[PDB]
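First up is the structure itself, then whatever we jot down about it.
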Amino acid sequence: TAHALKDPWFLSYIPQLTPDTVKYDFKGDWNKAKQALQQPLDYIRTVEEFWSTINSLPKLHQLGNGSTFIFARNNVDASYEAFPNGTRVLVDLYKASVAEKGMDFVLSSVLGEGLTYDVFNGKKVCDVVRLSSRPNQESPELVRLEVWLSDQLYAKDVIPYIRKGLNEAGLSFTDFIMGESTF
């Protein structure tokens, strides 16, 4: 009937979340801007819900610069403070079209627990996936995906697995760039 995910995931939206907008809100306090700007969207509990939610998301680049979608395992807080020995595997997707093929690969791999059994040996290292509109002068449709890891030790294994998966999803070397930002 309804095919339950290993864990439910909470989907949230932060409109035009830029490092400059946190000046309008409390200077230091991130929690203030978060409580103010963040909108809840969906609670994804099943595979059927996952695909309706994914295949019904508004295009990131068509929402303003800095606009962010957050998928949080068991409704956890997507804050860097929550994962002290953690990191975030970055994927920059240059076109709007490739960002769609890339998001499908990464979200199915994470929420579908592909990463868990292929890279983490059954451990739930990933609890957050973030997607944001990050245009630049050269790339107006630029989208950033972030795969947050509980432990940095797995990043060196997550980067080639995601890269191979993206190349297998039909993305070339120029379609995306792999990155890493520690916590």
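Every chain in the structure tokens has a letter given in the order shown (A, B, ...), and although residue numbers restart at 1 in each chain, ligands are simply numbered from 1 in the order shown.
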Would you list, as a PyMOL selection string, the residues of chain A that end up in strand (DSSP E) under DSSP run on this structure's backbone? chain A and resi 4-14+39-46+68-73+87-93+126-133+143-149+176-182
Distance query residue A:160 at most 12 Å, only C-alpha atoms, self and fewer than 2 positions along chain excluded, as a PyMOL selection string: chain A and resi 89-91+115+119+154-158+162-168+177-179
Let me see the file: selected residues, N, CA and C atoms, as a CSV table (one decimal), in the first residue's frame.
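What ended up in result-v2.csv:
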chain,number,residue,atom,x,y,z
A,89,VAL,N,29.5,17.3,1.9
A,89,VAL,CA,29.9,17.0,0.6
A,89,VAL,C,29.1,17.9,-0.3
A,90,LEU,N,29.8,18.7,-1.1
A,90,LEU,CA,29.1,19.7,-2.0
A,90,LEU,C,29.1,19.2,-3.4
A,91,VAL,N,28.0,19.5,-4.1
A,91,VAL,CA,27.8,19.2,-5.6
A,91,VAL,C,27.3,20.5,-6.2
A,115,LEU,N,23.5,5.1,0.0
A,115,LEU,CA,24.7,5.5,0.6
A,115,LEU,C,25.0,4.6,1.8
A,119,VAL,N,28.2,2.5,1.0
A,119,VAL,CA,29.4,3.3,1.5
A,119,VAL,C,29.5,3.2,3.1
A,154,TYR,N,34.1,9.7,6.3
A,154,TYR,CA,33.4,9.1,5.1
A,154,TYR,C,33.4,10.0,3.9
A,155,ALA,N,33.7,11.3,4.0
A,155,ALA,CA,33.7,12.2,2.9
A,155,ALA,C,34.6,11.8,1.7
A,156,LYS,N,35.8,11.2,2.0
A,156,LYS,CA,36.7,10.8,1.0
A,156,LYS,C,36.2,9.6,0.2
A,157,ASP,N,35.1,8.9,0.7
A,157,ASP,CA,34.5,7.8,0.1
A,157,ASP,C,33.1,8.2,-0.6
A,158,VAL,N,32.5,9.2,0.0
A,158,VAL,CA,31.2,9.7,-0.5
A,158,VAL,C,31.4,10.5,-1.8
A,162,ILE,N,29.3,9.6,-5.2
A,162,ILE,CA,28.4,10.5,-5.7
A,162,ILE,C,28.8,10.9,-7.2
A,163,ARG,N,30.2,11.2,-7.4
A,163,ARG,CA,30.7,11.5,-8.7
A,163,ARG,C,30.4,10.4,-9.8
A,164,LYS,N,30.6,9.1,-9.4
A,164,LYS,CA,30.4,8.0,-10.3
A,164,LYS,C,28.9,7.9,-10.6
A,165,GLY,N,28.0,8.1,-9.5
A,165,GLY,CA,26.6,8.0,-9.6
A,165,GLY,C,26.1,9.1,-10.5
A,166,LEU,N,26.6,10.3,-10.4
A,166,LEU,CA,26.3,11.4,-11.3
A,166,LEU,C,26.7,11.2,-12.7
A,167,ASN,N,27.9,10.6,-13.0
A,167,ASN,CA,28.3,10.3,-14.3
A,167,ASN,C,27.5,9.2,-14.9
A,168,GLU,N,27.0,8.2,-14.0
A,168,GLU,CA,26.1,7.1,-14.4
A,168,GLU,C,24.7,7.7,-14.7
A,177,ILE,N,30.6,20.0,-10.2
A,177,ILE,CA,31.9,20.1,-9.5
A,177,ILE,C,31.7,19.6,-8.1
A,178,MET,N,32.6,18.7,-7.6
A,178,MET,CA,32.5,18.1,-6.3
A,178,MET,C,33.3,19.0,-5.3
A,179,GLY,N,32.8,19.2,-4.1
A,179,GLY,CA,33.4,20.0,-3.1
A,179,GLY,C,33.2,19.4,-1.7
According to DSSP computed on the backbone, where in chain A is there helix (DSSP H, G or I)? Give the residues as number ranges by chain. A: 21-23, 30-37, 47-54, 60-62, 80-82, 96-111, 114-118, 152-168
Would you write out those residues with C-alpha atoms, as a CSV table (one decimal), in the first residue's frame?
chain,number,residue,atom,x,y,z
A,21,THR,CA,20.1,38.5,4.9
A,22,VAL,CA,21.4,37.4,8.4
A,23,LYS,CA,22.3,41.2,8.9
A,30,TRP,CA,21.4,32.0,13.3
A,31,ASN,CA,18.5,30.5,15.3
A,32,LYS,CA,16.7,33.9,15.1
A,33,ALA,CA,16.8,34.1,11.2
A,34,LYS,CA,15.9,30.3,11.1
A,35,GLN,CA,12.7,30.7,13.3
A,36,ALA,CA,11.8,33.9,11.2
A,37,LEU,CA,12.4,32.7,7.6
A,47,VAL,CA,8.5,6.0,-1.4
A,48,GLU,CA,5.2,7.2,-2.9
A,49,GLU,CA,5.4,10.4,-0.8
A,50,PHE,CA,9.1,10.8,-1.7
A,51,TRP,CA,8.4,10.9,-5.5
A,52,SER,CA,5.3,13.1,-5.3
A,53,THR,CA,7.2,15.6,-3.2
A,54,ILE,CA,10.4,15.5,-5.4
A,60,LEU,CA,15.5,26.6,-7.3
A,61,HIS,CA,16.8,29.2,-9.8
A,62,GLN,CA,13.2,30.5,-10.4
A,80,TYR,CA,26.4,22.7,11.8
A,81,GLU,CA,26.5,22.8,15.6
A,82,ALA,CA,24.4,19.5,15.6
A,96,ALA,CA,18.8,23.7,-14.2
A,97,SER,CA,18.3,20.5,-16.2
A,98,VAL,CA,21.4,18.7,-14.9
A,99,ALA,CA,20.5,19.8,-11.3
A,100,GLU,CA,17.2,17.8,-11.8
A,101,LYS,CA,19.1,14.6,-12.8
A,102,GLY,CA,21.6,15.2,-10.0
A,103,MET,CA,18.9,15.9,-7.3
A,104,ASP,CA,17.1,12.6,-8.2
A,105,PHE,CA,20.3,10.6,-7.9
A,106,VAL,CA,21.4,12.2,-4.6
A,107,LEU,CA,17.9,12.3,-2.9
A,108,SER,CA,17.1,8.6,-3.9
A,109,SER,CA,20.6,7.6,-2.8
A,110,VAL,CA,20.2,9.3,0.6
A,111,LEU,CA,16.5,8.8,1.5
A,114,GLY,CA,21.7,3.7,-1.1
A,115,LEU,CA,24.7,5.5,0.6
A,116,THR,CA,24.0,3.7,3.9
A,117,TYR,CA,24.5,0.1,2.5
A,118,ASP,CA,27.0,0.9,-0.4
A,152,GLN,CA,34.2,13.6,8.2
A,153,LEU,CA,36.0,10.2,7.7
A,154,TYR,CA,33.4,9.1,5.1
A,155,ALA,CA,33.7,12.2,2.9
A,156,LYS,CA,36.7,10.8,1.0
A,157,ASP,CA,34.5,7.8,0.1
A,158,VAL,CA,31.2,9.7,-0.5
A,159,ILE,CA,32.8,12.1,-3.0
A,160,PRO,CA,33.8,9.4,-5.6
A,161,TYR,CA,30.5,7.4,-5.1
A,162,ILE,CA,28.4,10.5,-5.7
A,163,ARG,CA,30.7,11.5,-8.7
A,164,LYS,CA,30.4,8.0,-10.3
A,165,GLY,CA,26.6,8.0,-9.6
A,166,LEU,CA,26.3,11.4,-11.3
A,167,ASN,CA,28.3,10.3,-14.3
A,168,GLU,CA,26.1,7.1,-14.4
Show me, as a PyMOL selection string, the residues that have an atom within 12 Å of residue A:42 when counting only C-alpha atoms, minus same-chain residues fewer than 6 positions from it. chain A and resi 8-13+49-50+52-54+56-57+69-72+75
Let me see the file: selected residues, N, CA and C atoms, as an mmCIF file, in the first residue's frame.
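Okay, this is what ended up in part.cif:
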data_model
loop_
_atom_site.group_PDB
_atom_site.id
_atom_site.type_symbol
_atom_site.label_atom_id
_atom_site.label_comp_id
_atom_site.auth_asym_id
_atom_site.auth_seq_id
_atom_site.Cartn_x
_atom_site.Cartn_y
_atom_site.Cartn_z
ATOM 1 N N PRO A 8 11.477 8.583 8.376
ATOM 2 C CA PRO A 8 10.769 9.710 7.744
ATOM 3 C C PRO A 8 11.729 10.914 7.638
ATOM 4 N N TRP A 9 11.498 11.793 6.654
ATOM 5 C CA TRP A 9 12.336 12.984 6.468
ATOM 6 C C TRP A 9 11.464 14.206 6.423
ATOM 7 N N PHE A 10 11.879 15.243 7.148
ATOM 8 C CA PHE A 10 11.142 16.483 7.115
ATOM 9 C C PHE A 10 11.733 17.479 6.072
ATOM 10 N N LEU A 11 10.883 17.999 5.186
ATOM 11 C CA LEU A 11 11.233 18.978 4.155
ATOM 12 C C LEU A 11 10.829 20.392 4.557
ATOM 13 N N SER A 12 11.815 21.300 4.577
ATOM 14 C CA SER A 12 11.662 22.703 4.925
ATOM 15 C C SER A 12 12.206 23.608 3.830
ATOM 16 N N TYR A 13 11.744 24.857 3.858
ATOM 17 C CA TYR A 13 12.119 25.865 2.877
ATOM 18 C C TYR A 13 12.590 27.145 3.536
ATOM 19 N N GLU A 49 5.303 9.028 -1.275
ATOM 20 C CA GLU A 49 5.377 10.424 -0.847
ATOM 21 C C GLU A 49 6.657 11.076 -1.333
ATOM 22 N N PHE A 50 7.787 10.351 -1.279
ATOM 23 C CA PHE A 50 9.076 10.842 -1.743
ATOM 24 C C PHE A 50 9.011 11.332 -3.207
ATOM 25 N N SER A 52 6.209 11.984 -5.141
ATOM 26 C CA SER A 52 5.270 13.087 -5.341
ATOM 27 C C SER A 52 5.943 14.377 -4.872
ATOM 28 N N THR A 53 6.495 14.403 -3.648
ATOM 29 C CA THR A 53 7.233 15.566 -3.153
ATOM 30 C C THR A 53 8.354 16.038 -4.115
ATOM 31 N N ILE A 54 9.277 15.138 -4.505
ATOM 32 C CA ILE A 54 10.416 15.460 -5.377
ATOM 33 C C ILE A 54 9.953 15.994 -6.740
ATOM 34 N N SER A 56 7.412 17.425 -7.595
ATOM 35 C CA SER A 56 6.533 18.582 -7.434
ATOM 36 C C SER A 56 7.259 19.768 -6.733
ATOM 37 N N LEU A 57 8.598 19.773 -6.763
ATOM 38 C CA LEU A 57 9.371 20.843 -6.142
ATOM 39 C C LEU A 57 9.528 22.043 -7.106
ATOM 40 N N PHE A 69 16.139 24.379 0.096
ATOM 41 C CA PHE A 69 15.309 23.231 0.516
ATOM 42 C C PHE A 69 16.162 22.373 1.457
ATOM 43 N N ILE A 70 15.593 21.935 2.581
ATOM 44 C CA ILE A 70 16.284 21.114 3.564
ATOM 45 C C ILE A 70 15.510 19.833 3.805
ATOM 46 N N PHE A 71 16.157 18.676 3.644
ATOM 47 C CA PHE A 71 15.577 17.354 3.932
ATOM 48 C C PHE A 71 16.295 16.887 5.170
ATOM 49 N N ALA A 72 15.558 16.752 6.278
ATOM 50 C CA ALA A 72 16.132 16.406 7.582
ATOM 51 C C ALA A 72 15.589 15.090 8.095
ATOM 52 N N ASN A 75 13.259 14.688 11.295
ATOM 53 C CA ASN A 75 12.979 16.070 11.639
ATOM 54 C C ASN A 75 14.092 16.719 12.504
#
May I ask for the distance between atom CA of residue A:146 and atom CA of residue A:131, given in Å to one decimal place?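 Answer for the atom CA of residue A:146 to atom CA of residue A:131 separation: 6.5 Å.
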Quick one: contact table of stretch 73-131 of chain A to stretch 138-142 of chain A, 8 Å max, nearest atom pair and distance in Å to one decimal per residue, counting only C-alpha atoms, chain and number order, as JSON lines?
{"residue": "A:92", "atom": "CA", "partner": "A:142", "partner_atom": "CA", "distance": 6.9}
{"residue": "A:93", "atom": "CA", "partner": "A:142", "partner_atom": "CA", "distance": 5.8}
{"residue": "A:94", "atom": "CA", "partner": "A:142", "partner_atom": "CA", "distance": 4.6}
{"residue": "A:95", "atom": "CA", "partner": "A:141", "partner_atom": "CA", "distance": 5.3}
{"residue": "A:96", "atom": "CA", "partner": "A:141", "partner_atom": "CA", "distance": 5.4}
Point-to-point distance in Å for atom CA of residue A:113 and atom CA of residue A:17: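 Atom CA of residue A:113 lies at a distance of 28.2 Å from atom CA of residue A:17.
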Pick from A:169, A:63, A:2, A:126 nearest to residue A:150, counting only C-alpha atoms: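 Checking each candidate against residue A:150, we get A:126 as the closest.
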Quick one: everything within 6 Å of residue A:65, counting only C-alpha atoms, minus sequence neighbours fewer than 3 positions away in the same chain. Send it as a list in words.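 Selected residues are residues 16, 133 and 134 of chain A.
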If you measure from atom CA of residue A:172 to atom CA of residue A:55, what distance in Å do you get, rounded to one decimal?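 We find that atom CA of residue A:172 and atom CA of residue A:55 lie 22.8 Å from each other.
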